[PDB]
2 protein chains.
Amino acid sequence: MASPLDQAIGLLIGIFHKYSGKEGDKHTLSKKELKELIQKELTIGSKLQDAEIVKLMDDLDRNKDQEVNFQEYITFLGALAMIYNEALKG
Amino acid sequence: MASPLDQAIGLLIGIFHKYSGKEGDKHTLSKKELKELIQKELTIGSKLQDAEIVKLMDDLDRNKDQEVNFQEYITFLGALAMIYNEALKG
């Protein structure tokens, strides 16, 4: 059944809405939410997580850093997985 | 880093990678498993679920149907999650 997938969506919503609630209106991820996320990321994983900070910042900041859209966050989920070179190109 | 975020995306991409080929974990989604999902989702043609199947098929199977690419699944993740609007923004 869809249940496992729906559970995964459930978790994703679970995470995202904590940010999006903080004025991420129209289902967005705003500058505020970004700086909070960045701060939270900037902790005890200061190589991998920082490479992820750079990748996040770059991937999301197609100028729209002010108000990045949920679909771009989804695309970033894509971009993370896409590090599986060849299989997902790179 | 190890986090609710990481766990969530991990579960999502993992369960996707399984679902893609319940037969044998393909990295892209096969018509077989799509058709399994559709049948399960129908159950007896649970109306809302059929509208859901129209949405699913239309959004997901962008010509690539025999086998469907992770990118399409990702955008489908977005499109699906969008329905959770209230919870999505929170």
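This entry, so its header tells us, was determined using solution NMR.
Placement of Cβ uses the backbone N, Cα and C atoms for every residue, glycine included.
Here is what Swiss-Prot says about this protein:
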| type | residues | note |
| --- | --- | --- |
| DOMAIN | A:12-47 | domain 'EF-hand 1' |
| MOD_RES | A:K40 | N6-acetyllysine |
| MOD_RES | A:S46 | phosphoserine |
| MOD_RES | A:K47 | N6-succinyllysine |
| MOD_RES | A:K47 | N6-acetyllysine |
| DOMAIN | A:48-83 | domain 'EF-hand 2' |
| BINDING | A:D61, A:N63, A:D65, A:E67, A:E72 | Ca(2+) 2 binding site |
A:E72 (Ca(2+) 2 binding site) and A:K40 (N6-acetyllysine), distance between Cα atoms, whole Å: 20
The residue listed as 'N6-succinyllysine', number of other Cβ atoms within 10 Å: 8
Non-local residues, at least 6 beyond the ends, that sit with Cβ under 8 Å of the domain 'EF-hand 2' (A:48-83): 12, 16, 20, 24, 26-31, 34, 37-38, 41-42, 89-90
Under 8 Å by Cβ from A:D61 (Ca(2+) 2 binding site), counting only residues of that chain that are 6 or more apart: A:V68
Candidate binding-site residues A:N63, A:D65, A:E67, pick with smallest Cα gap to A:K47 (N6-succinyllysine): A:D65
Cβ within 8 Å of the mean position of the Cβ atoms of A:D61, A:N63, A:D65, A:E67, A:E72: remaining residues of the chain near Ca(2+) 2: A:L60, A:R62, A:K64, A:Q66, A:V68
